[PDB]
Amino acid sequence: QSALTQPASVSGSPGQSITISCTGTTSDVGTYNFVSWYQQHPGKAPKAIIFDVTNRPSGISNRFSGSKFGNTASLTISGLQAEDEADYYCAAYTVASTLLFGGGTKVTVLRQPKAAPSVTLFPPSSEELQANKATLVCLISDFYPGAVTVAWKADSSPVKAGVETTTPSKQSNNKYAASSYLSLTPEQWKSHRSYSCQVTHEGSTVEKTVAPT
């Protein structure tokens, strides 16, 4: 019942080829040849590009093509162009007669250097504490391509309660920014030795820590 599995992020240079994967089980992708792909540019409706594993509607460039093998479907884009930059979604018909969408993949057409994020971790201000609330703010800035995942550590244990992360959007300087919030009580904040914001970008991880001092 969870989304079909897709890579978070995939990127290539103009001219290159990339393939996105979509992995299900014998309950959907493995049994049925009714896998479709959709393209969605930011703030726009999705647009169909591939149906029934391999077929292409009229109007869709044939640089796009699809295949399947076992529990994995694949979309392949060749001769990568700037306009191909978008999110890509697969979807599979299931044995329950439902349609199951994958988690999506951000496809970046590389037009600038890879840039690791700068992370600044803000403890709750004193004013917020006076108001009986505590929010840790994790500011993530200057990264390319625009995809990260954020993890919060309390002292040394994982925490995902009261976390809220925005999705990367462009900054004025043309790189990406994102933010994550950890809400908790002043008791929680004062009790632990530390809290940590962990940001993962292109297989790399940068970490910031704050302590009530």
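We number the residues from 1 along the sequence you see.
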- [ ] Mind pulling up the entry and telling me whether 124-132 or 105-113 has the higher mean Cα temperature factor?
- [x] 124-132
Open item on the list: Highest mean C-alpha temperature factor of the two stretches 171-179 and 149-157, which is it?
Closed with: 149-157
- [ ] Pick out which of 166, 188, 39, 65 has the highest C-alpha B-factor in the PDB entry.
- [x] 188
Open item on the list: Looking at 196, 13, 19, 9, which one carries the largest C-alpha B-factor according to the PDB entry?
Closed with: 196
Open item on the list: Considering every modelled residue of the chain and its Cα B-factor in the PDB entry, is residue 118 in the lowest, middle or highest third?
Closed with: middle
Open item on the list: Which third, lowest, middle or highest, does the C-alpha temperature factor of residue 32 belong to within its own chain?
Closed with: highest
Open item on the list: Is residue 46 in the lowest, middle or highest third of its chain when residues are ranked by C-alpha B-factor?
Closed with: lowest
TODO: Pull the Cα B-factor of residue 76 out of the PDB entry and bin it into the chain's lowest, middle or highest third.
DONE: lowest
Task: Lowest, middle or highest third - CA B-factor, residue 70 - done: highest
